[PDB]
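Below: one structure, written as structure tokens.
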Amino acid sequence: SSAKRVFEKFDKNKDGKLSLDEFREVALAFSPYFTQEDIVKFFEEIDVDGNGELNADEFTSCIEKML
């Protein structure tokens with residue numbers, strides 16, 4: 001599962017969590033077809049802890065949306 005690997009490359013906050021901002025830069029950068037509504041609906045949907053960022057377990061499910 002290259003979901004953590006891809007996250008490392010995006011860990012722009014070396015925090016172990018991404019913001020819809022990193023996943024939106026991630027989504028707009030590699031998968032530009034991702035509509036901001038699909039990225040935010042899903043990110044808003046995957047960001048389960050509500051910290052406003054993709055956590056590690058959700059990170060893999062954040063990528064499971066593909067990969």
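Numbers here mean position along the shown chain, with the first residue as 1.
When the header is checked for method, it gives solution NMR.
Even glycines carry a Cβ here, placed using N, Cα and C.
Going by Swiss-Prot, these are the annotated features:
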type: BINDING; residues: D11, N13, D15, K17, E22; note: Ca(2+) 1 binding site
type: BINDING; residues: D47, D49, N51, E53, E58; note: Ca(2+) 2 binding site
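Where Swiss-Prot records a feature, it is marked here on the structure.
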| residue | record | DSSP (3 states) |
| --- | --- | --- |
| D11 | Ca(2+) 1 binding site | coil |
| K17 | Ca(2+) 1 binding site | coil |
| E22 | Ca(2+) 1 binding site | helix |
| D47 | Ca(2+) 2 binding site | coil |
| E53 | Ca(2+) 2 binding site | strand |
| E58 | Ca(2+) 2 binding site | helix |
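Close to the recorded Ca(2+) 1 site, the chain also has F7, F10, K12, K14, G16, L18, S19, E53, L54: residues not among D11, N13, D15, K17, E22 whose Cβ is within 8 Å of the site's Cβ mean position.
What surrounds the Ca(2+) 2 site, by Cβ distance within 8 Å of the Cβ centroid and not counting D47, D49, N51, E53, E58, is the set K17, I46, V48, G50, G52, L54, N55 from the same chain.
Nearest neighbour of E22 (Ca(2+) 1 binding site) by Cα distance, taken over the binding-site residues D49, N51, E53, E58: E53. Over all protein chains present, the Cβ of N51 (Ca(2+) 2 binding site) has 11 other Cβ atoms lying within 10 Å. The sparsest Cβ neighbourhood within 10 Å, among the listed binding-site residues (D11, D47, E53), is found at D11. Long-range neighbours of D49 (Ca(2+) 2 binding site) (same chain, six or more residues apart, CB within less than 8 Å of its CB): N55, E58. Annotation for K17 (Ca(2+) 1 binding site): same-chain Cβ neighbours under 8 Å, separated by at least 6 residues, are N51, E53, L54, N55, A56, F59.
In this structure, the C-alpha atom of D47 (Ca(2+) 2 binding site) lies 15 angstrom from that of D15 (Ca(2+) 1 binding site). Comparing the binding-site residues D15, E22, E58 on other C-beta atoms within 10 angstroms of each C-beta gives the minimum for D15.
Counting only same-chain residues at least 6 apart in sequence, those with a Cβ under 8 Å from the Cβ of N13 (Ca(2+) 1 binding site) are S19, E22, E53.
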